[PDB]
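Trainee: Provided below: upload_29.txt, containing compact mmCIF, C-alpha atoms.
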# COMPACT_ATOMS: atom_id res chain seq x y z
CA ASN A 53 191.40 90.57 72.57
CA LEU A 54 192.71 87.20 71.36
CA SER A 55 189.34 86.00 70.03
CA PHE A 56 187.38 86.71 66.85
CA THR A 57 185.66 89.97 65.93
CA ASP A 58 182.54 90.87 63.95
CA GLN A 59 184.53 90.94 60.69
CA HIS A 60 184.65 87.12 60.72
CA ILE A 61 180.85 86.81 60.47
CA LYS A 62 179.98 86.40 56.79
CA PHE A 63 176.76 84.50 56.07
CA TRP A 64 174.62 86.40 58.60
CA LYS A 65 175.39 89.70 56.84
CA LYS A 66 174.47 88.52 53.32
CA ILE A 67 171.10 86.80 53.87
CA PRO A 68 168.21 89.23 53.23
CA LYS A 69 166.07 90.21 56.21
CA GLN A 70 162.27 90.36 56.34
CA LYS A 71 159.77 91.29 59.03
CA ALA A 72 157.65 88.57 60.65
CA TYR A 73 154.13 89.17 61.95
CA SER A 74 153.36 85.83 63.66
CA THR A 75 154.90 82.54 64.73
CA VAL A 76 153.54 80.85 61.57
CA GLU A 77 154.31 82.24 58.10
CA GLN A 78 152.68 80.89 54.94
CA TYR A 79 153.56 81.19 51.26
CA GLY A 80 152.35 79.68 48.00
CA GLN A 81 154.37 78.27 45.11
CA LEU A 82 153.65 77.21 41.53
CA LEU A 83 155.03 73.75 40.78
CA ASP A 84 153.75 72.84 37.31
CA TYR A 85 151.84 74.19 34.32
CA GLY A 86 149.88 71.01 33.56
CA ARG A 87 150.19 67.26 33.21
CA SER A 88 151.84 66.14 29.97
CA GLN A 89 148.95 64.63 28.00
CA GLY A 90 149.75 65.40 24.37
CA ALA A 91 148.54 68.53 22.59
CA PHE A 92 147.98 66.93 19.17
CA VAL A 93 144.29 66.84 18.22
CA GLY A 94 142.32 66.08 15.08
CA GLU A 95 140.61 68.56 12.79
CA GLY A 96 137.43 69.90 14.38
CA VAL A 97 137.97 67.95 17.62
CA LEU A 98 137.72 69.56 21.06
CA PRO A 99 141.01 69.48 23.02
CA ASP A 100 141.07 67.93 26.47
CA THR A 101 141.15 69.91 29.72
CA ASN A 102 144.35 70.48 31.69
CA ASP A 103 145.07 71.65 35.23
CA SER A 104 148.19 73.13 36.82
CA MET B 1 132.89 43.46 25.33
CA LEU B 2 136.29 44.54 24.03
CA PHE B 3 135.92 48.19 25.05
CA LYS B 4 133.78 49.87 27.70
CA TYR B 5 133.26 53.59 28.35
CA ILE B 6 131.07 54.97 31.14
CA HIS B 7 130.12 58.62 30.65
CA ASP B 8 128.18 61.03 32.86
CA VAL B 9 125.68 63.30 31.11
CA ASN B 10 124.38 66.60 32.44
CA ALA B 11 120.85 67.66 33.39
CA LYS B 12 119.91 68.88 29.91
CA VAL B 13 120.74 65.52 28.34
CA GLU B 14 119.16 63.58 31.22
CA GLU B 15 115.81 65.25 30.45
CA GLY B 16 115.66 63.93 26.89
CA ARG B 17 113.33 61.10 25.97
CA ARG B 18 116.16 58.88 24.72
CA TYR B 19 118.41 59.64 27.74
CA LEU B 20 116.45 58.77 30.88
CA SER B 21 119.44 57.95 33.10
CA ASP B 22 122.42 59.81 34.51
CA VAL B 23 125.01 57.47 32.94
CA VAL B 24 125.49 56.35 29.32
CA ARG B 25 127.55 53.28 28.39
CA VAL B 26 129.38 52.87 25.06
CA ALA B 27 130.83 49.49 24.11
CA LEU B 28 132.29 47.52 21.21
CA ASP B 29 131.76 43.76 21.02
CA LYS B 30 132.48 40.83 18.72
CA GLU B 31 129.83 38.35 17.57
CA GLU B 32 130.06 34.91 15.97
CA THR B 33 127.68 32.44 14.32
CA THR B 34 128.40 28.73 14.72
CA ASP B 35 126.86 25.63 13.20
CA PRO B 36 124.67 23.68 15.66
CA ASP B 37 126.83 20.55 15.36
CA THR B 38 130.11 21.91 16.77
CA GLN B 39 132.06 25.16 17.22
CA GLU B 40 132.57 25.66 13.46
CA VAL B 41 132.19 29.43 13.11
CA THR B 42 130.64 30.82 9.92
CA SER B 43 130.97 34.61 10.26
CA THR B 44 132.34 37.24 12.63
CA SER B 45 131.06 40.78 13.13
CA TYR B 46 131.67 43.80 15.35
CA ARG B 47 128.84 45.78 16.95
CA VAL B 48 128.97 49.28 18.44
CA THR B 49 126.16 50.19 20.84
CA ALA B 50 125.22 52.89 23.35
CA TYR B 51 122.74 52.29 26.17
CA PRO B 52 121.20 54.09 29.15
CA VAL B 53 122.23 51.92 32.09
CA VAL B 54 121.34 51.48 35.76
CA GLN B 55 123.50 50.42 38.70
CA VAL B 56 123.22 46.77 39.77
CA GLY B 57 126.26 46.14 41.97
CA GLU B 58 129.89 46.84 42.77
CA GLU B 59 133.26 45.21 42.14
CA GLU B 60 136.93 45.45 43.14
CA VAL B 61 139.34 46.94 40.59
CA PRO B 62 142.96 48.11 40.82
CA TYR B 63 143.66 51.77 41.46
CA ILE B 64 145.15 53.83 38.62
CA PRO B 65 146.62 57.13 39.87
CA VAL B 66 147.03 60.31 37.85
CA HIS B 67 150.14 62.52 37.66
CA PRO B 68 149.42 64.71 40.74
CA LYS B 69 148.74 61.57 42.81
CA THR B 70 150.68 58.51 43.98
CA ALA B 71 149.34 55.05 44.78
CA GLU B 72 150.33 52.14 46.99
CA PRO B 73 151.75 48.97 45.37
CA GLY B 74 148.51 47.04 45.85
CA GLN B 75 145.85 49.68 46.42
CA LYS B 76 142.38 48.92 45.05
CA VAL B 77 139.17 50.90 44.59
CA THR B 78 135.50 49.97 44.25
CA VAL B 79 133.48 50.88 41.15
CA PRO B 80 129.81 50.18 40.32
CA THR B 81 128.58 47.77 37.67
CA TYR B 82 125.86 48.52 35.14
CA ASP B 83 123.12 46.67 33.27
CA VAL B 84 120.49 47.55 30.68
CA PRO B 85 117.06 48.22 32.24
CA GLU B 86 113.63 47.56 30.73
CA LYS B 87 111.49 50.64 31.47
CA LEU B 88 112.24 54.13 32.77
CA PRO B 89 109.80 56.74 34.10
CA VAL B 90 108.95 60.20 32.79
CA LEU B 91 106.51 62.84 34.03
CA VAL B 92 103.99 64.42 31.64
CA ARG B 93 101.05 66.76 32.09
CA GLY B 94 97.63 65.21 32.60
CA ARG B 95 94.12 65.68 33.93
CA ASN B 96 92.33 64.21 36.94
CA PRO B 97 89.21 62.28 35.84
CA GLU B 98 87.72 62.52 39.36
CA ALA B 99 88.51 66.16 40.12
CA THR B 100 86.36 68.02 42.64
CA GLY B 101 87.39 71.64 42.06
CA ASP B 102 89.66 74.10 40.26
CA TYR B 103 92.70 73.28 42.43
CA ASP B 104 93.19 69.57 41.62
CA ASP B 105 92.24 69.45 37.94
CA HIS B 106 95.75 69.74 36.47
CA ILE B 107 98.31 67.22 37.73
CA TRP B 108 101.55 65.54 36.71
CA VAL B 109 101.39 61.82 35.95
CA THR B 110 104.21 59.27 35.79
CA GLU B 111 104.38 56.97 32.76
CA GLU B 112 106.92 54.23 32.05
CA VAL B 113 108.37 53.98 28.55
CA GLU B 114 110.36 51.36 26.66
CA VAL B 115 114.15 51.77 26.55
CA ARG B 116 115.90 51.67 23.18
CA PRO B 117 119.60 51.76 22.25
CA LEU B 118 121.04 55.10 21.20
CA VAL B 119 123.42 53.54 18.64
CA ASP B 120 123.37 50.13 16.94
CA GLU B 121 125.79 49.50 14.07
CA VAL B 122 127.18 46.28 12.59
CA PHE B 123 130.54 45.86 10.84
CA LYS B 124 131.87 42.84 8.97
CA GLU B 125 134.82 40.64 9.92
CA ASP B 126 137.16 43.06 8.14
CA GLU B 127 137.18 46.86 8.66
CA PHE B 128 137.74 46.59 12.41
CA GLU B 129 139.46 49.96 12.05
CA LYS B 130 136.18 51.48 10.85
CA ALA B 131 134.34 50.09 13.89
CA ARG B 132 137.06 51.40 16.21
CA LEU B 133 136.87 54.84 14.58
CA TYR B 134 133.08 54.87 14.94
CA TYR B 135 133.35 53.91 18.62
CA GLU B 136 135.94 56.62 19.28
CA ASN B 137 133.85 59.22 17.45
CA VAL B 138 130.74 58.33 19.46
CA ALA B 139 132.71 58.53 22.72
CA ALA B 140 134.26 61.89 21.79
CA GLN B 141 130.92 63.34 20.69
CA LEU B 142 129.41 62.27 24.01
CA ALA B 143 132.37 63.92 25.75
CA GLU B 144 131.63 67.14 23.83
CA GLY B 145 128.81 67.81 26.31
CA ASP B 146 125.71 67.40 24.12
CA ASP B 147 123.57 64.67 22.56
CA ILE B 148 124.69 62.15 19.96
CA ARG B 149 123.89 63.91 16.68
CA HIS B 150 125.92 62.37 13.83
CA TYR B 151 124.99 58.95 12.45
CA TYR B 152 125.99 59.25 8.78
CA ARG B 153 127.76 56.27 7.20
CA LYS B 154 129.00 56.47 3.62
CA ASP B 155 128.83 52.70 3.03
CA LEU B 156 125.08 52.55 3.76
CA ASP B 157 123.76 55.38 1.61
CA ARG B 158 122.12 56.10 -1.72
CA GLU B 159 124.25 57.07 -4.70
CA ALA B 160 124.78 60.81 -5.08
CA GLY B 161 124.26 62.56 -8.40
CA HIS B 162 121.58 60.11 -9.60
CA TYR B 163 119.02 62.72 -10.62
CA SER B 164 116.54 60.24 -12.12
CA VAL B 165 116.13 58.62 -8.69
CA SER B 166 116.62 61.50 -6.21
CA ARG B 167 113.82 63.61 -7.71
CA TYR B 168 111.11 61.70 -5.83
CA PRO B 169 109.59 63.22 -2.67
CA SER B 170 111.28 62.59 0.66
CA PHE B 171 110.47 65.63 2.89
Represent the structure of the file as structure tokens.

Mentor:
Amino acid sequence: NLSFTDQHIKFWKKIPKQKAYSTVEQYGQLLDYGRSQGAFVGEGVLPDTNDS
Amino acid sequence: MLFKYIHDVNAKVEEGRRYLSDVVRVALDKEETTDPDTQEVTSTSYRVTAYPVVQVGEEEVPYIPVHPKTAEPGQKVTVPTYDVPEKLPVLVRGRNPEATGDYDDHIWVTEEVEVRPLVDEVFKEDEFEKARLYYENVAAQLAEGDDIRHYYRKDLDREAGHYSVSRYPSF
């Protein structure tokens, strides 16, 4: 055998494997904790609302 | 009208006698008094007012995105315009003068009432910072989610600690 063997395959053996249950797979991700408004408020004043 | 703030009040506020509309407008404006002969001004003052307003039209304004959104270079959006009305309705209990039985005696009648400003304060040519602080406080207190409750001004008040004058009835 003058060609390569299975010892020359590297990346396929390191990537983790997971089971698929359909042709479309969905996942969610968290991108931010809130828009940068400024958290400094006066005494007795209600802080503004923030959303992630 | 230097500043303009349009706020949306909830159902509890909308049911009050002073708030008979779904939108309250807060504004700060500058006033001048001129001699009749020419434009020679005599005095300048700043006024802070709050009014129940009604919709009277629409206009074209530029679009201002917020952090989770992106806008086109020349995108524009339409917003309504507002104006002070004259009378607003309110329903109160009443009686039918021409009732025929026990099923149409008690009714609800609609009466129109005069509209008055919620806030009306005047500041001199100086102390523009005081007027700005008052405007910001009114806007924030509206944003708190309840009625406008605080109107106290230290400049326009009776001297404290004057026992010979404060002993008279006020209840």

Trainee: Would you mind reading off the distance between atom CA of residue B:159 and atom CA of residue A:97, one decimal, in Å?

Mentor: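 Spanning atom CA of residue B:159 to atom CA of residue A:97 is a straight-line distance of 28.4 Å.
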
Trainee: Restrict the distance test to only C-alpha atoms, flag each residue of chain A within 10 Å of chain B, and return the flagged residues as a PyMOL selection string.

Mentor: chain A and resi 84+86-89+97-100+103-104

Trainee: Axis-aligned box over every listed atom of stretch 86-104 of chain A, padded by 4 Å per side: centre and edges in Å to one decimal, as JSON?

Mentor:
{"center_x": 144.6, "center_y": 68.9, "center_z": 24.8, "size_x": 22.4, "size_y": 16.5, "size_z": 32.0}

Trainee: Report as an NGL selection string all protein, DNA and RNA residues lying within 10 Å of residue B:90, evaluated on all atoms listed in the file, omitting residues in the same chain fewer than 2 positions from it.

Mentor: :B and (15-17 or 20 or 87-88 or 92 or 108-113)

Trainee: What is the distance, in Å and to one decimal place, between atom CA of residue B:25 and atom CA of residue B:148?

Mentor: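 Here the two named atoms are 12.6 Å from each other.
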
Trainee: Give me, please, the distance in Å between atom CA of residue B:51 and atom CA of residue B:5, quoted to one decimal.

Mentor: 10.8 Å

Trainee: For residue B:13, which residue out of B:162, B:65, B:38, B:52 is the nearest one, using all atoms listed in the file?

Mentor: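 Answer, going by the shortest atom-to-atom distance: B:52.
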
Trainee: Just the residues within 7 Å of residue B:107, please, counting all atoms listed in the file, with nothing from its chain fewer than 2 positions along; format it as a list in words.

Mentor: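 That gives residues 93, 94, 95, 96, 104, 105 and 109 of chain B.
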
Trainee: Can you list, as a list in words, every protein, DNA or RNA residue that comes within 9 Å of residue B:30 when you count only C-alpha atoms, leaving out same-chain residues fewer than 4 positions away?

Mentor: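 Listing them by chain and then by number gives residues 1, 2, 44, 45, 46 and 47 of chain B.
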